[PDB]
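Before any questions on binding or motion, here is one chain by itself as structure tokens, the form solved without its partner chain.
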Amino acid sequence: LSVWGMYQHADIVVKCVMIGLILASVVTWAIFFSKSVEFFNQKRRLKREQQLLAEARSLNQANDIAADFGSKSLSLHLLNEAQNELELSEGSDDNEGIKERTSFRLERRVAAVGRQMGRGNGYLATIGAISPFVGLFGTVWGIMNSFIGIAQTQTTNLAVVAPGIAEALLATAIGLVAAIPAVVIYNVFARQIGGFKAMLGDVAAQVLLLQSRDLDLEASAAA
């Protein structure tokens, strides 16, 4: 017997748990292949940018390195945040206020990127968490049909009870196929987002160190 052969011999209820769980599995692997390529390219880009910006000895030197990073560059967004804060604060005597406002902006920015990074993880979490609930529904539906079988035939043996038990076991099998990959993929991506946020945080830390040092050397020259 084939999986399409099993589908045909199952009742309308278990046919729907099958359709719904296979569609849940198709969406799990579709999210997986699109997000895996998205993270790979983005980590490769940020790792190169982090290495190049590590050579900067001033915020101005960092802006020169990042000049040809691209409009959609994350390191260039963080540097533009620090430059916009110095431009708007042009004419202020409080250097500590510039540093505090820049760190506030960069940390909120890094958080916002982390939120964008997981637009599909919500689907992976729900699929992994509810797939066993629907498998259990098919399990109870399955055994209920075994008892309907006993009532209808007024007989209690393996053969009368087998169609309902096989149907119950099918719902558990499909439930495990949908749930296990969604749980694994959700956790791998949640770990990758956390590791990416930490790397982007190290780049924003460098933008902050360069700005803080530059302001201190300027304040020393005024004193």
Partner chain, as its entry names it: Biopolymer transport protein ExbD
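Numbering follows the first chain given and starts at 1.
Below: the form solved in complex with its partner chain, not depicted.
Although the partner is absent here, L52 sits far enough away that none of its heavy atoms falls within 4.5 Å of its partner chain in the entry with it bound. In the entry with it bound, its partner chain sits within 4.5 Å of a heavy atom belonging to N157. In the entry with it bound, its partner chain stays beyond 4.5 Å of every heavy atom belonging to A66. In the entry with it bound, its partner chain sits within 4.5 Å of a heavy atom belonging to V161. In the entry with it bound, its partner chain lies within 4.5 angstroms of at least one heavy atom of each of the following residues of 175-212: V183, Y186, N187, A190, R191, in sequence order.
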